[PDB]
Every structure is written in C-alpha cells, then in structure tokens.
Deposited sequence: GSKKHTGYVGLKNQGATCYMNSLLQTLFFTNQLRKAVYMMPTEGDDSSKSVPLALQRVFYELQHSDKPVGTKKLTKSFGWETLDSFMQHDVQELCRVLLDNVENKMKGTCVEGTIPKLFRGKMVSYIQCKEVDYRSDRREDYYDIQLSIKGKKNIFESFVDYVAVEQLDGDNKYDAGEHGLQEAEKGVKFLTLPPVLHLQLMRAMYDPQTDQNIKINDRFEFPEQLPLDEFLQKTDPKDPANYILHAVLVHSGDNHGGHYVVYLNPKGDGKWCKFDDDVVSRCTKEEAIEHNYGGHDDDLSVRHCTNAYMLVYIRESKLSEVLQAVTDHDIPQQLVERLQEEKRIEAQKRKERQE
C-alpha cells in the first residue's frame, strides 16, 4: 500500500510533515527534477528530500530519515521543541525553492504555497492610511474561544481598534485613533493552516470541515474560480510534555479515502477517525492542509516511476548497494 517513515528517535512532527509534503504530488515531481547530480551526498538537504521521496515511492520497508535530519542539522529533540511546525516546513521548502532556481521548475514552491495579504492602519479622523502587501506561505489561526475554522478566519480579519493608552503613532499627525486590520487577496493552491494550541498544549475543542468555503474572506471573489477548499491532511498530536506522540491523517487522492500514518505503520481509517475525532475536547489537530477544489487534480497529478530522472535513480540505486555491511 502506502509506506511509512521510521520512528528512528525523536523527530516529533517531522514524519507527519514529510508525508503531507510527499503527497503534494506536484511538489514531489518538482523535487525530483531538482539537479542534485553534483550535490555533496550528505551536506545537501535537496538531495535528502529526493531520497526520502524516492523511498516513500518505492520502498517496501519503513523509510529512514537520518541523512535528512543531518542535512539541515536538527539532530536533537530540542531542535524540534525550539521550533514551530511551519518553521520546519520553511527550512525544507526554502532549500528546495532555492535549488530549483535557474531550472525548468523554478517557482513551483511559490506557485503552490504562496498567497498574498494586505495589512492596513486607517486613521478615524485624519486622512492617513498605511498599506503593506505581504506574502505568506501558511496561516496561524487562533483557536481559544473559537469553535471552528470559520470563527478563526473571522477573528483573523477582525478590525482591531487603537484607542487611548493604545493610539497609533501616525507621525506628522501626532498620536491618533485608528483601526488596524488584515485582508486576503489570494489564497494559495495549497493552504497550510496551523492551529495555535500552544501557550503547554490547549486541548480545547476546535472544529474543522471537509469542505471549507473561503470566498467570503477575500476582497475580490472570482466567479470563474471560487475559493473552496478540500481537506487533505490532519497533523495530530496527543499527550503532554512528558509523553506525546505525533501522527497524520491523509486522503492522498483528495477523494475522501483516509489513511493513518503512524510512522512505519500506515493503515486504512474512517473519515470520522481522521476528522471529528481530532476536534479535541488528549489527541487533537495542530495543523491542517487544504487544497483548492479547482487545482485538486493539478496538485495531485498522478506520479509514475518514469517521473524520476534516471541520473538520480542510479545515484540512489548505487548508494543503497554500498550499504552491504557484515
């Protein structure tokens, strides 16, 4: 069936994030096209990602991630405990964005994960506005006092007020009252939403749907292409600071057919096990991946063994062979 990653020490969320990344087929195919031919076998993160992806594609056995851990140098537990899950992701996708530059596959990472945003400060009684367009690769939703994703987005674009003890330094116009907000211009083909359960681990109930309509949070909607999001992955944690375990649910083909990825054990599971059971109320979601309905089949284009350049094949084929140890 689908194949697992080893629990080889204390990689925490790493295995779950790799598998979500693996099953973002278009990212995978792009990764395979990177030119690692001349990359140092053990310093190179790009090479490491291709190997893991290759193995996840071909291996009958649980897949090892040691060279990967080494390649970006989070060899300890503190590494993972010092960092957020989106920061791991940036380290991996940052290195692959870079390696793809000057190649056919340049810009695939932005193409898949990059959206844009406007942040503004508007003065009540003075004609003065500060607009800042930012990119984003992922979103950090508040959950405390929020029942669902919907309420979270609502809170996200909430218009804060800057008043009295907290007025805005509007510069030439002196301290002024204003309202600062955020708003979405694009939403990317792949939406990575992290749920801010840390503060610890808040176990409060937080609901999320299979289908997520986001048109109503954009500025301009497109009747051609609506912002409807198909739930792809659920990154899950359970436990506390003494003992905790990380796991991920995927329906890799976006067709409602879920599997549970528990390191080296991958198993069929129910929609209920993947979704409602991870609302919390202790084992609950901390990151969810959505894909835009309209890009579903592009992102999740099917992948063959022929999509992997021979040059790369041999290199790994060979590498394995040398394993030969008494």
Sequence ranges absent from the coordinates, based on the deposited chain and numbered from 1: 1-6, 206-213, 296-304, 350-355
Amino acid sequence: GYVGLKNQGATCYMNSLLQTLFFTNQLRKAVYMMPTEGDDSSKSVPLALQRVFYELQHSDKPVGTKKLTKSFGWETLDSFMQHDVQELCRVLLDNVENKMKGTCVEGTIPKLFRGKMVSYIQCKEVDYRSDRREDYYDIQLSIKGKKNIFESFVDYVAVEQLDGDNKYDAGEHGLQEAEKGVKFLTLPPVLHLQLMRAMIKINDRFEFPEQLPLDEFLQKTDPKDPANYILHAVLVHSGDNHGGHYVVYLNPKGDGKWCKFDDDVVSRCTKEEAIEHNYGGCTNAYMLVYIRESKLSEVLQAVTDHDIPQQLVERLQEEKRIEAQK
From here on, numbers count along this sequence of modelled residues.
185-193 versus 146-154 - which carries the larger mean C-alpha B factor in the record: 146-154
Determine, for stretches 62-70 and 283-291, which one has the higher mean CA B-factor as deposited. 62-70
Residue of maximum C-alpha B factor among 83, 180, 111, 232, per deposited coordinates: 180
In the PDB entry, which of 211, 76, 130, 140 has its C-alpha at the highest B-factor? 130
Residue 257, C-alpha B-factor rank within chain (lowest, middle or highest third): middle
Third of the chain's Cα B-factor distribution that residue 237 belongs to, per the entry: lowest
Mind checking which third residue 168 falls in for C-alpha B-factor across the chain? highest
Please say which third, lowest, middle or highest, residue 11 falls into when its CA temperature factor is compared across its chain. middle
Within-chain third of residue 100 by Cα B-factor, per the entry: middle
